[PDB]
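S.K.: I'd like to ask some things about the structure below.
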Amino acid sequence: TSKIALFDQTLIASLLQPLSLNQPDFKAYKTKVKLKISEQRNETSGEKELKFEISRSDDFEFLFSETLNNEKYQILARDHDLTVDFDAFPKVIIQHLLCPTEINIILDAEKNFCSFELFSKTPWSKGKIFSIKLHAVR
Amino acid sequence: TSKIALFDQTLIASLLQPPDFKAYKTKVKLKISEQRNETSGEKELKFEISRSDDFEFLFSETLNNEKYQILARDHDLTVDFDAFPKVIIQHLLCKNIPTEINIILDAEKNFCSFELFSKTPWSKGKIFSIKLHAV
């Protein structure tokens, strides 16, 4: 309705997850993941929201999302030293990184949440852009 | 004697100092060298900052592998101790005669933070910061 799709593509990501509840060591696989980025209006406040949704074509049980408003974004920008404002944020990652880039998806052992992480390698670092905690769509 | 110069250039830096900061663009000489610690024999990386006009402006820090590991941990560096100087010299300090250098002074000028940046479309792009001490 108010929802505007900004990005909807299948990406190659590394999916990481603990071996079990008691074994925190990760197992890692390269998997194809659908990433959807959209903007929408919060129904109670009318303010702009940025929604991130991750799914898989094979695994219907794999559904994670997070909606960011300007306040939530400021926390993210603060934690990852982002300079870009809330409105410019989606445009930059879409035009410069999502279109060398690495995506990591780290699952909870209970699969209640997953950390969506984006990287742009430098000659001296992994070049982490940001990580977003996405929650299971339940 | 054991000292080997890896870098010796005049760079443009922003000198910041305190309650709030005042900032000026200043020319600073940066010297990077490798040397042998006299007591241990281990390799050391030395960073020295000076100015031609201000003789009182003298700051240095010597990093060994252990000290470097702390720096790499604090700034998510992937490059090893031996490759570190080459990477910064060849990719970031080569273009300075989107690289920016900040030098942040102590109010008492006992120490200064030497910070290196490579701007990205989403961030300032801090590479690292080294606390240098007054010589």
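The way I read the labels, and the way they are meant: chains A, B, ... in the order of the structure tokens, residue 1 as the first residue of every chain, and ligand 1 as the first ligand shown, with later ones counted on from there.
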Residues of chain A no more than 8 Å from chain B, counting only C-alpha atoms: send them over as a list in words.
M.R.: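 Selected residues: residues 81, 82, 83, 84, 89, 92, 123, 124, 125, 126 and 129 of chain A.
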S.K.: Just to be explicit: take each residue in the selection above, keep N, CA and C atoms, and write the result as a short mmCIF file (atom, residue, chain, number, x, y, z; two decimals), in the first residue's frame.
M.R.:
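Now in again32.cif:
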data_model
loop_
_atom_site.label_atom_id
_atom_site.label_comp_id
_atom_site.auth_asym_id
_atom_site.auth_seq_id
_atom_site.Cartn_x
_atom_site.Cartn_y
_atom_site.Cartn_z
N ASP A 81 29.80 3.56 12.74
CA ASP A 81 30.41 4.79 12.26
C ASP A 81 29.98 5.14 10.83
N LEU A 82 28.68 5.04 10.58
CA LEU A 82 28.12 5.41 9.30
C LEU A 82 28.01 6.93 9.26
N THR A 83 28.33 7.56 8.13
CA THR A 83 28.18 9.02 8.03
C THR A 83 26.89 9.37 7.29
N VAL A 84 26.48 8.52 6.37
CA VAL A 84 25.31 8.66 5.52
C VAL A 84 24.02 8.78 6.37
N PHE A 89 21.10 6.18 3.13
CA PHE A 89 21.60 4.85 3.50
C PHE A 89 21.22 3.75 2.48
N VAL A 92 22.94 4.12 -1.11
CA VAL A 92 24.37 3.85 -1.17
C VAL A 92 24.67 2.33 -1.16
N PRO A 123 42.61 -3.30 1.46
CA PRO A 123 43.91 -3.98 1.58
C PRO A 123 44.37 -4.23 3.03
N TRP A 124 43.70 -3.67 4.05
CA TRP A 124 44.12 -3.76 5.45
C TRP A 124 43.04 -4.33 6.37
N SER A 125 41.81 -4.58 5.87
CA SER A 125 40.71 -5.01 6.74
C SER A 125 39.62 -5.78 6.01
N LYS A 126 38.66 -6.37 6.80
CA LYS A 126 37.52 -7.03 6.21
C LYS A 126 36.60 -5.97 5.62
N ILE A 129 30.74 -3.00 6.71
CA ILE A 129 29.92 -1.79 6.54
C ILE A 129 28.98 -1.70 7.79
#
S.K.: Just to confirm, what's the straight-line distance from CA of residue 17 in chain B to CA of residue 68 in chain B in Å (one decimal)?
M.R.: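 Distance reported for this atom pair: 25.9 Å.
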S.K.: Could you pull out the strand (DSSP E or B) residues of chain A from DSSP and send them as a PDB file with N, CA and C atoms, in the first residue's frame?
M.R.:
ATOM      1  N   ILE A   4       7.075   0.602  -0.831  1.00  0.00           N
ATOM      2  CA  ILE A   4       7.826   0.830  -2.069  1.00  0.00           C
ATOM      3  C   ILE A   4       9.055  -0.055  -2.069  1.00  0.00           C
ATOM      4  N   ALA A   5       9.169  -0.951  -3.055  1.00  0.00           N
ATOM      5  CA  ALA A   5      10.323  -1.844  -3.201  1.00  0.00           C
ATOM      6  C   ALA A   5      11.505  -1.057  -3.750  1.00  0.00           C
ATOM      7  N   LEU A   6      12.620  -1.114  -3.026  1.00  0.00           N
ATOM      8  CA  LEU A   6      13.856  -0.435  -3.419  1.00  0.00           C
ATOM      9  C   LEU A   6      14.838  -1.446  -3.975  1.00  0.00           C
ATOM     10  N   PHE A   7      14.749  -2.684  -3.475  1.00  0.00           N
ATOM     11  CA  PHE A   7      15.654  -3.757  -3.841  1.00  0.00           C
ATOM     12  C   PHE A   7      14.988  -5.093  -3.625  1.00  0.00           C
ATOM     13  N   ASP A   8      15.144  -5.984  -4.586  1.00  0.00           N
ATOM     14  CA  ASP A   8      14.609  -7.345  -4.490  1.00  0.00           C
ATOM     15  C   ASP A   8      15.473  -8.258  -5.352  1.00  0.00           C
ATOM     16  N   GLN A   9      16.529  -8.816  -4.782  1.00  0.00           N
ATOM     17  CA  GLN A   9      17.423  -9.655  -5.566  1.00  0.00           C
ATOM     18  C   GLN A   9      17.895 -10.882  -4.803  1.00  0.00           C
ATOM     19  N   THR A  10      18.361 -11.902  -5.555  1.00  0.00           N
ATOM     20  CA  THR A  10      18.967 -13.095  -4.972  1.00  0.00           C
ATOM     21  C   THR A  10      20.472 -12.859  -4.926  1.00  0.00           C
ATOM     22  N   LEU A  11      21.053 -13.003  -3.734  1.00  0.00           N
ATOM     23  CA  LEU A  11      22.476 -12.791  -3.499  1.00  0.00           C
ATOM     24  C   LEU A  11      23.138 -14.034  -2.971  1.00  0.00           C
ATOM     25  N   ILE A  12      24.442 -14.147  -3.176  1.00  0.00           N
ATOM     26  CA  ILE A  12      25.208 -15.218  -2.571  1.00  0.00           C
ATOM     27  C   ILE A  12      25.697 -14.711  -1.215  1.00  0.00           C
ATOM     28  N   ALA A  13      25.400 -15.470  -0.182  1.00  0.00           N
ATOM     29  CA  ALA A  13      25.790 -15.143   1.174  1.00  0.00           C
ATOM     30  C   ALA A  13      26.428 -16.333   1.818  1.00  0.00           C
ATOM     31  N   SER A  14      27.168 -16.103   2.873  1.00  0.00           N
ATOM     32  CA  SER A  14      27.681 -17.180   3.690  1.00  0.00           C
ATOM     33  C   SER A  14      26.722 -17.291   4.832  1.00  0.00           C
ATOM     34  N   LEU A  15      26.143 -18.465   5.037  1.00  0.00           N
ATOM     35  CA  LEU A  15      25.257 -18.738   6.162  1.00  0.00           C
ATOM     36  C   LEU A  15      26.025 -19.464   7.238  1.00  0.00           C
ATOM     37  N   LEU A  16      26.121 -18.836   8.424  1.00  0.00           N
ATOM     38  CA  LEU A  16      26.874 -19.371   9.568  1.00  0.00           C
ATOM     39  C   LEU A  16      25.947 -19.687  10.653  1.00  0.00           C
ATOM     40  N   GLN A  17      26.192 -20.807  11.334  1.00  0.00           N
ATOM     41  CA  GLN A  17      25.363 -21.170  12.471  1.00  0.00           C
ATOM     42  C   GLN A  17      26.103 -22.115  13.376  1.00  0.00           C
ATOM     43  N   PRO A  18      25.846 -21.997  14.703  1.00  0.00           N
ATOM     44  CA  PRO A  18      26.496 -22.904  15.668  1.00  0.00           C
ATOM     45  C   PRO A  18      26.151 -24.353  15.358  1.00  0.00           C
ATOM     46  N   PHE A  26      30.984 -22.470  14.644  1.00  0.00           N
ATOM     47  CA  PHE A  26      30.140 -22.340  13.467  1.00  0.00           C
ATOM     48  C   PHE A  26      30.428 -23.373  12.371  1.00  0.00           C
ATOM     49  N   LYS A  27      29.379 -23.694  11.593  1.00  0.00           N
ATOM     50  CA  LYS A  27      29.467 -24.363  10.310  1.00  0.00           C
ATOM     51  C   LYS A  27      29.071 -23.284   9.306  1.00  0.00           C
ATOM     52  N   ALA A  28      29.740 -23.236   8.153  1.00  0.00           N
ATOM     53  CA  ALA A  28      29.494 -22.194   7.171  1.00  0.00           C
ATOM     54  C   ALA A  28      29.252 -22.746   5.777  1.00  0.00           C
ATOM     55  N   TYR A  29      28.224 -22.241   5.104  1.00  0.00           N
ATOM     56  CA  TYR A  29      27.951 -22.651   3.740  1.00  0.00           C
ATOM     57  C   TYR A  29      27.626 -21.469   2.878  1.00  0.00           C
ATOM     58  N   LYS A  30      27.997 -21.531   1.584  1.00  0.00           N
ATOM     59  CA  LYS A  30      27.585 -20.495   0.631  1.00  0.00           C
ATOM     60  C   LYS A  30      26.184 -20.834   0.183  1.00  0.00           C
ATOM     61  N   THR A  31      25.239 -19.925   0.386  1.00  0.00           N
ATOM     62  CA  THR A  31      23.823 -20.141   0.057  1.00  0.00           C
ATOM     63  C   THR A  31      23.266 -18.952  -0.720  1.00  0.00           C
ATOM     64  N   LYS A  32      22.262 -19.194  -1.556  1.00  0.00           N
ATOM     65  CA  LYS A  32      21.563 -18.116  -2.255  1.00  0.00           C
ATOM     66  C   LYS A  32      20.430 -17.654  -1.353  1.00  0.00           C
ATOM     67  N   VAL A  33      20.361 -16.336  -1.119  1.00  0.00           N
ATOM     68  CA  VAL A  33      19.378 -15.723  -0.234  1.00  0.00           C
ATOM     69  C   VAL A  33      18.708 -14.574  -0.968  1.00  0.00           C
ATOM     70  N   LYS A  34      17.386 -14.431  -0.798  1.00  0.00           N
ATOM     71  CA  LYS A  34      16.674 -13.321  -1.395  1.00  0.00           C
ATOM     72  C   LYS A  34      16.671 -12.186  -0.396  1.00  0.00           C
ATOM     73  N   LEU A  35      17.138 -11.033  -0.828  1.00  0.00           N
ATOM     74  CA  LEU A  35      17.118  -9.857   0.022  1.00  0.00           C
ATOM     75  C   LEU A  35      16.129  -8.853  -0.538  1.00  0.00           C
ATOM     76  N   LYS A  36      15.202  -8.414   0.296  1.00  0.00           N
ATOM     77  CA  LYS A  36      14.259  -7.369  -0.090  1.00  0.00           C
ATOM     78  C   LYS A  36      14.415  -6.127   0.813  1.00  0.00           C
ATOM     79  N   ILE A  37      14.618  -4.968   0.195  1.00  0.00           N
ATOM     80  CA  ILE A  37      14.697  -3.686   0.902  1.00  0.00           C
ATOM     81  C   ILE A  37      13.553  -2.836   0.386  1.00  0.00           C
ATOM     82  N   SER A  38      12.745  -2.321   1.298  1.00  0.00           N
ATOM     83  CA  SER A  38      11.642  -1.477   0.909  1.00  0.00           C
ATOM     84  C   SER A  38      11.472  -0.305   1.894  1.00  0.00           C
ATOM     85  N   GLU A  39      10.760   0.735   1.468  1.00  0.00           N
ATOM     86  CA  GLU A  39      10.409   1.839   2.345  1.00  0.00           C
ATOM     87  C   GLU A  39       8.887   1.828   2.513  1.00  0.00           C
ATOM     88  N   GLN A  40       8.422   2.179   3.706  1.00  0.00           N
ATOM     89  CA  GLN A  40       6.996   2.173   4.014  1.00  0.00           C
ATOM     90  C   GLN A  40       6.684   3.212   5.064  1.00  0.00           C
ATOM     91  N   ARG A  41       5.414   3.464   5.260  1.00  0.00           N
ATOM     92  CA  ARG A  41       4.911   4.402   6.244  1.00  0.00           C
ATOM     93  C   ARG A  41       4.452   3.610   7.467  1.00  0.00           C
ATOM     94  N   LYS A  48       8.508   7.455   8.088  1.00  0.00           N
ATOM     95  CA  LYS A  48       9.171   6.579   7.126  1.00  0.00           C
ATOM     96  C   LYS A  48       9.919   5.461   7.828  1.00  0.00           C
ATOM     97  N   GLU A  49       9.765   4.261   7.292  1.00  0.00           N
ATOM     98  CA  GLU A  49      10.394   3.043   7.764  1.00  0.00           C
ATOM     99  C   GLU A  49      11.100   2.341   6.638  1.00  0.00           C
ATOM    100  N   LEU A  50      12.234   1.785   6.970  1.00  0.00           N
ATOM    101  CA  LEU A  50      13.047   1.024   6.048  1.00  0.00           C
ATOM    102  C   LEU A  50      12.954  -0.422   6.471  1.00  0.00           C
ATOM    103  N   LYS A  51      12.473  -1.300   5.587  1.00  0.00           N
ATOM    104  CA  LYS A  51      12.336  -2.704   5.936  1.00  0.00           C
ATOM    105  C   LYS A  51      13.338  -3.575   5.200  1.00  0.00           C
ATOM    106  N   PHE A  52      14.024  -4.452   5.951  1.00  0.00           N
ATOM    107  CA  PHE A  52      14.954  -5.469   5.417  1.00  0.00           C
ATOM    108  C   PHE A  52      14.369  -6.846   5.643  1.00  0.00           C
ATOM    109  N   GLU A  53      14.193  -7.625   4.566  1.00  0.00           N
ATOM    110  CA  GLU A  53      13.634  -8.986   4.618  1.00  0.00           C
ATOM    111  C   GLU A  53      14.540  -9.958   3.898  1.00  0.00           C
ATOM    112  N   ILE A  54      14.821 -11.073   4.556  1.00  0.00           N
ATOM    113  CA  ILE A  54      15.661 -12.157   4.036  1.00  0.00           C
ATOM    114  C   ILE A  54      14.824 -13.446   4.011  1.00  0.00           C
ATOM    115  N   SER A  55      14.900 -14.165   2.904  1.00  0.00           N
ATOM    116  CA  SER A  55      14.241 -15.439   2.721  1.00  0.00           C
ATOM    117  C   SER A  55      15.089 -16.317   1.787  1.00  0.00           C
ATOM    118  N   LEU A  63      12.698 -17.141   7.312  1.00  0.00           N
ATOM    119  CA  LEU A  63      12.118 -15.815   7.141  1.00  0.00           C
ATOM    120  C   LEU A  63      12.528 -14.888   8.253  1.00  0.00           C
ATOM    121  N   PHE A  64      13.304 -13.870   7.904  1.00  0.00           N
ATOM    122  CA  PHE A  64      13.793 -12.887   8.861  1.00  0.00           C
ATOM    123  C   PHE A  64      13.609 -11.445   8.357  1.00  0.00           C
ATOM    124  N   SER A  65      13.248 -10.535   9.249  1.00  0.00           N
ATOM    125  CA  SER A  65      13.086  -9.120   8.875  1.00  0.00           C
ATOM    126  C   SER A  65      13.385  -8.164  10.030  1.00  0.00           C
ATOM    127  N   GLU A  66      13.625  -6.933   9.674  1.00  0.00           N
ATOM    128  CA  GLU A  66      13.797  -5.825  10.595  1.00  0.00           C
ATOM    129  C   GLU A  66      13.308  -4.539   9.927  1.00  0.00           C
ATOM    130  N   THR A  67      12.562  -3.712  10.682  1.00  0.00           N
ATOM    131  CA  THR A  67      12.122  -2.408  10.184  1.00  0.00           C
ATOM    132  C   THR A  67      12.847  -1.361  10.972  1.00  0.00           C
ATOM    133  N   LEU A  68      13.522  -0.469  10.258  1.00  0.00           N
ATOM    134  CA  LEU A  68      14.234   0.628  10.868  1.00  0.00           C
ATOM    135  C   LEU A  68      13.527   1.955  10.653  1.00  0.00           C
ATOM    136  N   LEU A  82      28.678   5.039  10.584  1.00  0.00           N
ATOM    137  CA  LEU A  82      28.124   5.409   9.298  1.00  0.00           C
ATOM    138  C   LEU A  82      28.012   6.929   9.262  1.00  0.00           C
ATOM    139  N   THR A 101      32.543  -7.319  -2.400  1.00  0.00           N
ATOM    140  CA  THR A 101      31.452  -7.477  -1.445  1.00  0.00           C
ATOM    141  C   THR A 101      31.237  -8.927  -0.993  1.00  0.00           C
ATOM    142  N   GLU A 102      31.084  -9.078   0.328  1.00  0.00           N
ATOM    143  CA  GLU A 102      30.784 -10.327   0.995  1.00  0.00           C
ATOM    144  C   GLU A 102      29.634 -10.084   1.944  1.00  0.00           C
ATOM    145  N   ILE A 103      28.715 -11.040   1.951  1.00  0.00           N
ATOM    146  CA  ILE A 103      27.571 -11.032   2.826  1.00  0.00           C
ATOM    147  C   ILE A 103      27.661 -12.234   3.748  1.00  0.00           C
ATOM    148  N   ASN A 104      27.507 -11.982   5.043  1.00  0.00           N
ATOM    149  CA  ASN A 104      27.433 -13.011   6.065  1.00  0.00           C
ATOM    150  C   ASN A 104      26.091 -12.974   6.723  1.00  0.00           C
ATOM    151  N   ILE A 105      25.524 -14.129   6.963  1.00  0.00           N
ATOM    152  CA  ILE A 105      24.266 -14.253   7.705  1.00  0.00           C
ATOM    153  C   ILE A 105      24.545 -15.186   8.842  1.00  0.00           C
ATOM    154  N   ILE A 106      24.451 -14.681  10.072  1.00  0.00           N
ATOM    155  CA  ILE A 106      24.760 -15.509  11.235  1.00  0.00           C
ATOM    156  C   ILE A 106      23.485 -15.839  11.977  1.00  0.00           C
ATOM    157  N   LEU A 107      23.151 -17.140  12.041  1.00  0.00           N
ATOM    158  CA  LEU A 107      21.958 -17.602  12.721  1.00  0.00           C
ATOM    159  C   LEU A 107      22.174 -17.819  14.186  1.00  0.00           C
ATOM    160  N   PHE A 113      16.761 -15.276  15.681  1.00  0.00           N
ATOM    161  CA  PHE A 113      17.301 -14.127  15.024  1.00  0.00           C
ATOM    162  C   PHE A 113      18.474 -14.520  14.149  1.00  0.00           C
ATOM    163  N   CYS A 114      18.794 -13.606  13.248  1.00  0.00           N
ATOM    164  CA  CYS A 114      19.984 -13.715  12.446  1.00  0.00           C
ATOM    165  C   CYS A 114      20.599 -12.331  12.213  1.00  0.00           C
ATOM    166  N   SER A 115      21.936 -12.269  12.254  1.00  0.00           N
ATOM    167  CA  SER A 115      22.688 -11.052  11.990  1.00  0.00           C
ATOM    168  C   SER A 115      23.016 -10.971  10.501  1.00  0.00           C
ATOM    169  N   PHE A 116      22.529  -9.947   9.830  1.00  0.00           N
ATOM    170  CA  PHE A 116      22.831  -9.730   8.422  1.00  0.00           C
ATOM    171  C   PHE A 116      24.028  -8.764   8.335  1.00  0.00           C
ATOM    172  N   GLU A 117      25.192  -9.245   7.853  1.00  0.00           N
ATOM    173  CA  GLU A 117      26.422  -8.421   7.801  1.00  0.00           C
ATOM    174  C   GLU A 117      26.929  -8.180   6.387  1.00  0.00           C
ATOM    175  N   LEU A 118      27.349  -6.930   6.111  1.00  0.00           N
ATOM    176  CA  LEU A 118      27.845  -6.552   4.795  1.00  0.00           C
ATOM    177  C   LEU A 118      29.276  -6.048   4.873  1.00  0.00           C
ATOM    178  N   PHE A 119      30.118  -6.510   3.941  1.00  0.00           N
ATOM    179  CA  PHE A 119      31.545  -6.217   3.920  1.00  0.00           C
ATOM    180  C   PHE A 119      32.011  -5.745   2.578  1.00  0.00           C
ATOM    181  N   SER A 120      33.015  -4.869   2.576  1.00  0.00           N
ATOM    182  CA  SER A 120      33.685  -4.388   1.375  1.00  0.00           C
ATOM    183  C   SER A 120      35.174  -4.384   1.713  1.00  0.00           C
ATOM    184  N   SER A 125      41.809  -4.584   5.874  1.00  0.00           N
ATOM    185  CA  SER A 125      40.713  -5.009   6.738  1.00  0.00           C
ATOM    186  C   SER A 125      39.618  -5.780   6.007  1.00  0.00           C
ATOM    187  N   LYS A 128      33.963  -4.200   7.226  1.00  0.00           N
ATOM    188  CA  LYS A 128      32.567  -4.319   7.639  1.00  0.00           C
ATOM    189  C   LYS A 128      31.863  -2.989   7.429  1.00  0.00           C
ATOM    190  N   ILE A 129      30.743  -2.997   6.705  1.00  0.00           N
ATOM    191  CA  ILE A 129      29.918  -1.792   6.544  1.00  0.00           C
ATOM    192  C   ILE A 129      28.981  -1.702   7.786  1.00  0.00           C
ATOM    193  N   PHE A 130      28.126  -2.726   7.980  1.00  0.00           N
ATOM    194  CA  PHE A 130      27.215  -2.787   9.117  1.00  0.00           C
ATOM    195  C   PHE A 130      26.721  -4.201   9.297  1.00  0.00           C
ATOM    196  N   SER A 131      26.054  -4.445  10.421  1.00  0.00           N
ATOM    197  CA  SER A 131      25.313  -5.667  10.732  1.00  0.00           C
ATOM    198  C   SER A 131      23.953  -5.251  11.303  1.00  0.00           C
ATOM    199  N   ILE A 132      22.912  -5.929  10.829  1.00  0.00           N
ATOM    200  CA  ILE A 132      21.551  -5.704  11.277  1.00  0.00           C
ATOM    201  C   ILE A 132      21.049  -6.990  11.870  1.00  0.00           C
ATOM    202  N   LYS A 133      20.514  -6.913  13.095  1.00  0.00           N
ATOM    203  CA  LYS A 133      19.842  -8.042  13.719  1.00  0.00           C
ATOM    204  C   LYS A 133      18.450  -8.134  13.138  1.00  0.00           C
ATOM    205  N   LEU A 134      18.184  -9.213  12.412  1.00  0.00           N
ATOM    206  CA  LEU A 134      16.863  -9.501  11.851  1.00  0.00           C
ATOM    207  C   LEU A 134      16.193 -10.529  12.729  1.00  0.00           C
ATOM    208  N   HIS A 135      14.877 -10.426  12.877  1.00  0.00           N
ATOM    209  CA  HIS A 135      14.137 -11.351  13.722  1.00  0.00           C
ATOM    210  C   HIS A 135      13.279 -12.281  12.886  1.00  0.00           C
ATOM    211  N   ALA A 136      13.074 -13.510  13.398  1.00  0.00           N
ATOM    212  CA  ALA A 136      12.254 -14.520  12.749  1.00  0.00           C
ATOM    213  C   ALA A 136      10.816 -14.022  12.587  1.00  0.00           C
TER     214      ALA A 136
END
S.K.: Got a sec: who's within 12 Å of residue 114 in chain B, counting only C-alpha atoms, leaving out chain neighbours fewer than 6 positions off, as a ChimeraX atom specification?
M.R.: /B:13-16,28,30,47-50,59-61,100-106,126-133
S.K.: Write out as a list in words the set of residues from chain B that DSSP, computed on the backbone, places in alpha helix (DSSP H).
M.R.: residues 65, 66, 67, 68, 69, 70, 71, 72, 73, 74, 84, 85, 86, 87 and 88 of chain B
S.K.: Please save N, CA, C and O atoms of the selected residues as a PDB file, in the first residue's frame.
M.R.:
ATOM      1  N   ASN B  65      55.528  -6.637  17.668  1.00  0.00           N
ATOM      2  CA  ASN B  65      54.437  -7.484  17.206  1.00  0.00           C
ATOM      3  C   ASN B  65      53.262  -7.529  18.196  1.00  0.00           C
ATOM      4  O   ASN B  65      52.114  -7.449  17.760  1.00  0.00           O
ATOM      5  N   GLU B  66      53.543  -7.606  19.507  1.00  0.00           N
ATOM      6  CA  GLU B  66      52.540  -7.647  20.576  1.00  0.00           C
ATOM      7  C   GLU B  66      51.702  -6.375  20.585  1.00  0.00           C
ATOM      8  O   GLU B  66      50.474  -6.450  20.587  1.00  0.00           O
ATOM      9  N   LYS B  67      52.366  -5.206  20.583  1.00  0.00           N
ATOM     10  CA  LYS B  67      51.680  -3.920  20.552  1.00  0.00           C
ATOM     11  C   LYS B  67      50.831  -3.821  19.299  1.00  0.00           C
ATOM     12  O   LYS B  67      49.717  -3.316  19.347  1.00  0.00           O
ATOM     13  N   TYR B  68      51.358  -4.311  18.174  1.00  0.00           N
ATOM     14  CA  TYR B  68      50.638  -4.266  16.913  1.00  0.00           C
ATOM     15  C   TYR B  68      49.349  -5.073  16.983  1.00  0.00           C
ATOM     16  O   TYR B  68      48.316  -4.609  16.490  1.00  0.00           O
ATOM     17  N   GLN B  69      49.405  -6.270  17.586  1.00  0.00           N
ATOM     18  CA  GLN B  69      48.235  -7.126  17.722  1.00  0.00           C
ATOM     19  C   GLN B  69      47.092  -6.421  18.433  1.00  0.00           C
ATOM     20  O   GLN B  69      45.936  -6.606  18.047  1.00  0.00           O
ATOM     21  N   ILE B  70      47.409  -5.592  19.433  1.00  0.00           N
ATOM     22  CA  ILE B  70      46.423  -4.785  20.152  1.00  0.00           C
ATOM     23  C   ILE B  70      45.796  -3.776  19.182  1.00  0.00           C
ATOM     24  O   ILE B  70      44.572  -3.612  19.159  1.00  0.00           O
ATOM     25  N   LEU B  71      46.634  -3.106  18.382  1.00  0.00           N
ATOM     26  CA  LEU B  71      46.186  -2.144  17.378  1.00  0.00           C
ATOM     27  C   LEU B  71      45.298  -2.817  16.319  1.00  0.00           C
ATOM     28  O   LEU B  71      44.256  -2.272  15.977  1.00  0.00           O
ATOM     29  N   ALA B  72      45.714  -3.992  15.809  1.00  0.00           N
ATOM     30  CA  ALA B  72      44.974  -4.720  14.801  1.00  0.00           C
ATOM     31  C   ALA B  72      43.628  -5.155  15.359  1.00  0.00           C
ATOM     32  O   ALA B  72      42.626  -5.148  14.647  1.00  0.00           O
ATOM     33  N   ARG B  73      43.595  -5.514  16.639  1.00  0.00           N
ATOM     34  CA  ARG B  73      42.374  -5.944  17.302  1.00  0.00           C
ATOM     35  C   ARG B  73      41.422  -4.768  17.458  1.00  0.00           C
ATOM     36  O   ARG B  73      40.238  -4.902  17.146  1.00  0.00           O
ATOM     37  N   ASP B  74      41.934  -3.612  17.899  1.00  0.00           N
ATOM     38  CA  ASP B  74      41.099  -2.437  18.113  1.00  0.00           C
ATOM     39  C   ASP B  74      40.544  -1.839  16.811  1.00  0.00           C
ATOM     40  O   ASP B  74      39.501  -1.193  16.855  1.00  0.00           O
ATOM     41  N   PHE B  84      51.865  -4.551   7.363  1.00  0.00           N
ATOM     42  CA  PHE B  84      51.224  -3.312   7.812  1.00  0.00           C
ATOM     43  C   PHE B  84      51.879  -2.052   7.244  1.00  0.00           C
ATOM     44  O   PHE B  84      51.186  -1.272   6.599  1.00  0.00           O
ATOM     45  N   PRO B  85      53.186  -1.825   7.439  1.00  0.00           N
ATOM     46  CA  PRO B  85      53.790  -0.591   6.937  1.00  0.00           C
ATOM     47  C   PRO B  85      53.697  -0.469   5.423  1.00  0.00           C
ATOM     48  O   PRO B  85      53.376   0.594   4.937  1.00  0.00           O
ATOM     49  N   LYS B  86      53.923  -1.549   4.700  1.00  0.00           N
ATOM     50  CA  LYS B  86      53.884  -1.539   3.244  1.00  0.00           C
ATOM     51  C   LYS B  86      52.484  -1.127   2.722  1.00  0.00           C
ATOM     52  O   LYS B  86      52.393  -0.297   1.827  1.00  0.00           O
ATOM     53  N   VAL B  87      51.411  -1.681   3.297  1.00  0.00           N
ATOM     54  CA  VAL B  87      50.010  -1.449   2.890  1.00  0.00           C
ATOM     55  C   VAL B  87      49.617   0.048   3.063  1.00  0.00           C
ATOM     56  O   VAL B  87      49.122   0.679   2.114  1.00  0.00           O
ATOM     57  N   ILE B  88      49.877   0.605   4.254  1.00  0.00           N
ATOM     58  CA  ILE B  88      49.560   1.992   4.563  1.00  0.00           C
ATOM     59  C   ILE B  88      50.406   2.947   3.677  1.00  0.00           C
ATOM     60  O   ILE B  88      49.891   3.954   3.163  1.00  0.00           O
TER      61      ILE B  88
END
